[PDB]
Amino acid sequence: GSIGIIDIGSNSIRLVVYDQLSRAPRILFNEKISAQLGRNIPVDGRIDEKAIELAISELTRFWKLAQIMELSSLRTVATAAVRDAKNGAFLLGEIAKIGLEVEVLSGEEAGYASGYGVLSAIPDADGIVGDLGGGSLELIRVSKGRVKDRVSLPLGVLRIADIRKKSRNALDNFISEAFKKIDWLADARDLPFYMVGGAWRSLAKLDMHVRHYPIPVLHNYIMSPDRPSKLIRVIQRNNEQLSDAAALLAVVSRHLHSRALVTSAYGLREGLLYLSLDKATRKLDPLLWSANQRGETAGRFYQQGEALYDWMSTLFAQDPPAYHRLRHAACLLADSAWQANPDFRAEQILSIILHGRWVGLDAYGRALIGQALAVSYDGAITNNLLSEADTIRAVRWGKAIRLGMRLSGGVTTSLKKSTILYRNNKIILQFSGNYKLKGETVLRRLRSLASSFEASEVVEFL
Ligand SMILES: [Cl-]
Ligand SMILES: [Cl-]
Ligand SMILES: [Cl-]
Ligand SMILES: [Cl-]
Ligand SMILES: [Cl-]
Ligand SMILES: [Mg+2]
């Protein structure tokens with residue numbers, strides 16, 4: 001059931017292979033070439049012959065990889081701008097000769113795809129998506145699960161330098177003039193700007209580096225609007241395209257009245273995958289979906305985290321409403337480090353969170369889940385991003401996970417015969433069955449959980 005997308009842009013041509021058409025497909029393979037098909041289209045109306053030759057040879061390799069991988073589906077998409085070149089129809093025929101069926105996306109289709117890519121990764125998004133590619137900048141309004149409007153501007157990476165050279169304010173003038181024709185910007189002020197595309201992913205990675213962001217995670221990385229113009233000077237003083245991307249981001253975000261610059265790990269390709277799902281599947285939480293799959297493939301006994309979540313959550317009914325799903329995700333990942341040596345499991349599980357591909361998740365939630373999972377695997381607390389109350393909360397989550405996983409041996413259906421409750425500075429483990437699971441190691445884990453609640457522990461048989 002593996003599937004592929006070939007994304008033919010004005011600059012980058014990319015093959016991505018995914019494990020299946022699911023709510024959050026895993027990436028099996030990724031390869032790109034900077035073929036620069038669109039570079040000379042504005043000047044001559046023609047694609048360079050050298051770009052055509054490179055594109056065809058690399059696309060032939062991508063087609064061949066799809067054959068040996070026995071992909072069940074392969075979708076090849078291109079832009080209307082390249083089709084519309086004087087030799088664009090010829091190029092598309094040459095691509096057909098490879099064996100590839102090329103779907104040409106209009107500006108509308110392409111903007112819809114990038115917008116739904118962001119909605120796939122950030123389901124409650126409400127703002128403007130900017131997909132900066134080689135030939136164009138797509139701006140897309142997203143709100144309440146839907147793409148609301150969009151527009152395409154000729155401000156791709158390959159385009160910015162000619163404008164900036166004209167004068168100091170030429171890029172600002174260009175955006176000012178263009179935005180007068182876009183009637184929906186007025187209803188989209190003071191919202192996040194969701195950054196999509198390779199150029200702005202590189203820029204966000206540069207920003208994390210120069211700010212010594214402790215562990216840099218791309219998805220949901222947030223920059224203040226006043227930040228891009230400063231990166232222009234950072235690049236200038238390090239010891240071109242990056243500078244152009246920062247200049248465009250500064251001007252665009254200011255004229256949009258954007259209040260935050262939010263990186264999305266997902267873009268046009270994930271939007272195409274999302275739109276291929278039926279309506280009900282699109283509404284599934286992608287963090288929970290992917291964390292569930294991870295425990296299915298990684299666990300000793302497949303995914304046992306749902307019953308674990310229901311059991312431990314009798315301690316956490318008063319958690320902030322938005323945190324239930326984070327506690328849930330941690331429970332779904334609670335068996336995913338079992339193959340590491342015991343003394344490394346806490347480090348290993350943290351790296352699965354901090355160095356994995358997860359969406360539906362921001363930095364604070366990543367820290368909550370990682371802290372809880374590390375504690376669940378730690379047999380030996382403060383946290384810079386987390387509040388003290390949430391640090392304590394995550395330690396309690398982790399100790400409850402640890403107790404439940406130890407009590408059940410990981411076969412969490414057995415937890416249905418017990419309850420774990422907090423009241424009046426007492427932590428009470430009640431058995432209504434499976435009484436034989438009581439033991440000294442369970443009592444030690446129970447005492448540790450109680451310590452995290454500043455509580456005294458009791459065991460009750462019912
Ligand atoms: Cl493009
Ligand atoms: Cl591109
Ligand atoms: Cl990309
Ligand atoms: Cl990421
Ligand atoms: Cl313990
Ligand atoms: Mg693109």
Side-chain angles (χ1 to χ4, degrees), residues 24 27 30 114-133 137-140 142 157 190-235 238 241-254 256 258-271 286-287 290-291 322 326 329 350-371 383-387 390:
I27 295 177
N30 202 332
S114 296
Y116 277 111
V118 171
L119 282 161
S120 178
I122 308 176
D124 64 348
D126 181 25
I128 302 176
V129 175
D131 184 340
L132 174 62
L137 168 65
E138 312 294 324
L139 298 173
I140 308 106
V142 298
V157 166
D190 301 301
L191 294 178
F193 182 77
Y194 304 101
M195 300 162 50
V196 167
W200 280 338
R201 280 201 307 272
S202 292
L203 186 64
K205 291 194 168 192
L206 178 63
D207 191 64
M208 308 169 202
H209 180 247
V210 307
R211 305 204 66 149
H212 309 292
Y213 208 72
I215 302 296
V217 176
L218 199 266
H219 185 61
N220 227 317
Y221 182 59
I222 298 180
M223 293 187 286
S224 155
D226 300 341
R227 187 62 192 155
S229 50
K230 296 203 35 77
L231 289 168
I232 290 174
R233 313 207 286 285
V234 169
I235 297 164
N238 72 341
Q241 288 187 358
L242 210 48
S243 185
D244 292 338
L248 180 65
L249 182 60
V251 174
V252 165
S253 59
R254 179 165 48 78
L256 291 176
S258 303
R259 64 163 174 75
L261 315 183
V262 182
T263 294
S264 172
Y266 281 9
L268 175 137
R269 295 177 290 279
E270 290 83 10
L287 174 66
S290 195
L326 304 177
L350 189 58
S351 77
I352 288 168
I353 302 296
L354 298 183
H355 297 289
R357 189 177 180 77
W358 306 101
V359 296
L361 184 67
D362 65 10
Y364 198 88
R366 199 174 288 255
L368 277 167
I369 293 171
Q371 179 67 81
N383 185 311
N384 314 128
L385 186 58
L386 298 181
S387 69
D390 287 341

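Quick note: residue numbers are just sequence positions, from 1. For the numbers below, each heavy atom of this structure counts, side chains included, while hydrogens, waters and symmetry mates do not.
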How many angstroms lie between [atom1] in [X] and [atom2] in [Y], if you round to the nearest 0.5 Å?
X    : Y    : atom1 : atom2 : answer
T263 : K205 : OG1   : NZ    : 10.5 Å
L361 : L326 : CG    : CG    : 6.5 Å
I27  : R357 : CD1   : CZ    : 4.0 Å
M195 : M223 : CE    : CE    : 4.0 Å
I235 : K230 : CD1   : NZ    : 12.0 Å
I215 : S351 : CD1   : OG    : 10.0 Å

Heavy-atom check, side chain of [X] versus side chain of [Y], under 4.5 Å:
X    : Y    : value
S264 : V129 : no
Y266 : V359 : yes
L248 : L137 : yes
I122 : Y194 : yes
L261 : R227 : no
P286 : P123 : yes
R366 : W358 : yes

Which is it for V262 and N220 under the side chain to side chain contact (heavy atoms under 4.5 Å, CB included) test, yes or no, and what are the steps along the way? CA-CA 6 Å; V262 182; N220 227 317; 3.5 Å; yes
Where do [X] and [Y] come nearest, in terms of heavy atoms and distance?
X    : Y    : value
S229 : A250 : N-CB, 4.1 Å
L203 : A246 : CD2-CA, 3.7 Å
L132 : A245 : CD2-CB, 4.1 Å
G360 : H219 : N-NE2, 4.1 Å
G267 : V196 : CA-CG1, 3.6 Å
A291 : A329 : CB-O, 4.2 Å

Have a look at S114 and tell me which of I140, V142, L139 forms a side chain to side chain contact (heavy atoms under 4.5 Å, CB included) with it. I140
List the steps, then state whether side chain to side chain contact (heavy atoms under 4.5 Å, CB included) holds for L242 with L231. CA-CA 9 Å; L242 210 48; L231 289 168; over 6 Å; no
By ring pair (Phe, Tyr, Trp, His ring centres under 6.0 Å) - contacts of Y213 (at least two apart): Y221
Just jot down the ring pair (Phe, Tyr, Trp, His ring centres under 6.0 Å) partners of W200, sequence neighbours excluded, or say none. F193
Under 3.5 Å donor-acceptor, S120 side chain and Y116 backbone: no
Should the heavy atoms of other residues, nucleotides or ligands under 6.0 Å from CG of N384 be counted, would the total exceed 12? no
State which residues pass side chain to side chain contact (heavy atoms under 4.5 Å, CB included) with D226; sequence neighbours excluded, sorted by chain then number. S224
Are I369 and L287 close enough, and set up right, to give a side chain to side chain contact (heavy atoms under 4.5 Å, CB included), and what steps lead you there? CA-CA 11 Å; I369 293 171; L287 174 66; 4.2 Å; yes
